[PDB]
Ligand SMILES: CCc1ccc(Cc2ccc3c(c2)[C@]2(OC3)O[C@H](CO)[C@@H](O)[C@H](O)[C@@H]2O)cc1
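Next up is one chain by itself, shown in structure tokens, the form solved without Tofogliflozin (RT2).
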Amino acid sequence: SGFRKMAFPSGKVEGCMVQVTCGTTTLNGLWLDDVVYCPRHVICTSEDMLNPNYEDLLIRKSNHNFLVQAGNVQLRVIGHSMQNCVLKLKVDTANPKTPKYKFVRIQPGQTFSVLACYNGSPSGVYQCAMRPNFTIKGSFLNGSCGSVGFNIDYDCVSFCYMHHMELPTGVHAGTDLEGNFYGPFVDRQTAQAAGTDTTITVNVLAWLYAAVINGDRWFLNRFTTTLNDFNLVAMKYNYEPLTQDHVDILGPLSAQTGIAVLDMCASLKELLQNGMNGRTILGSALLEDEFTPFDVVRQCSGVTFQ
């Protein structure tokens, strides 16, 4: 019983974190095999940030300009290349702690754990979701650049995010591990803003199924809805449209609890209309959207508390 925002154990990622310094800029790098991956803005000197020409800045650098530190050991850079917004530093030592890993690009609504780091040293771990507006609501201070997001389903680390910047509203933007930004963001200090964000509907439904599994049904009602009528109502509350793929994905939770997906949609519509009336759902007074259907299945019991 219980339901917490649960991160993956961070040990496999901690053994990959390094400090990368280029001139006066210091940030974090991810050391996998003989390559250290880090944001390419480590080569910018703050003024450069308005309109940096990364190709022009990088050509003026040699391997010895990049100082990489793994614990109290200096790694030697023997090559460098830029792939999109990531710098790949070839080092002369393969990381003996390299876990089994993959680079994966995620879709909005997907969750992942973030190992926040400063100076190549891990500070904390928390759970995050890729917002529909492609930002993440993280907890990052200056120097956190290069911290990574990941999942560890079945002892393989799937790296999905590398931290690059903080937008004016306090939210965060970054890239996949191939250096492609999530969202329309650029690694420039030009005027940029997060678009209007929306609630991840499929995740809220998953969390309502988690509440039923843990024993709570107060919010259910005798009604159902069509998918189209649900979306027409949900769009009015700034909720993401629910697609047939989302209905399919919720199939297992629907079968475990005996509540049809469109019947859970009717409960959500009513919650949006009425609010919670002094009640809570899984210790929350707000509808939670940072648990996916997969996260609920991972954490919750396979037996509903009837």
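Think of the rigid core as the biggest set of C-alphas that the two forms share within 1.5 Å after superposition. Heads up: residue numbers just count along the shown sequence, starting at 1. Only residues modelled in both forms are compared.
Form solved in complex with Tofogliflozin (RT2): not shown, discussed below.
Novice: May I ask you to decide between open and blocked for this site, after superimposing the site C-alphas so that Tofogliflozin (RT2) adopts its pose in the deposited bound form, counting ligand atoms within 2.4 Å of backbone or C-beta atoms with 3 as the threshold?
Specialist: Blocked: 3+ ligand atoms clash with backbone or C-beta.
Novice: Heavy atom within 4.5 Å of Tofogliflozin (RT2) in the deposited bound form: which of 264, 30, 253, 68?
Specialist: The residue from 264, 30, 253, 68 that makes the contact is 253.
Novice: Please determine whether each residue of 213, 297 and 300 possesses a non-hydrogen atom within 4.5 angstroms of Tofogliflozin (RT2) in the deposited bound form.
Specialist: Checking in the deposited bound form: 213, 297 and 300 are all within 4.5 Å of Tofogliflozin (RT2).
Novice: Can you name the residues of 180-199 that have a heavy atom within 4.5 Å of Tofogliflozin (RT2) in the deposited bound form?
Specialist: Going through 180-199 in order - heavy atoms within 4.5 Å of Tofogliflozin (RT2) in the deposited bound form - there are no hits.
Novice: So which segments really shift between the shown form and the other one, if a segment has to be 3 or more residues long and each C-alpha must move 2 Å or more after the rigid core fit?
Specialist: Once the cores are aligned, run 301-306 is the only one whose C-alphas move by at least 2 Å.
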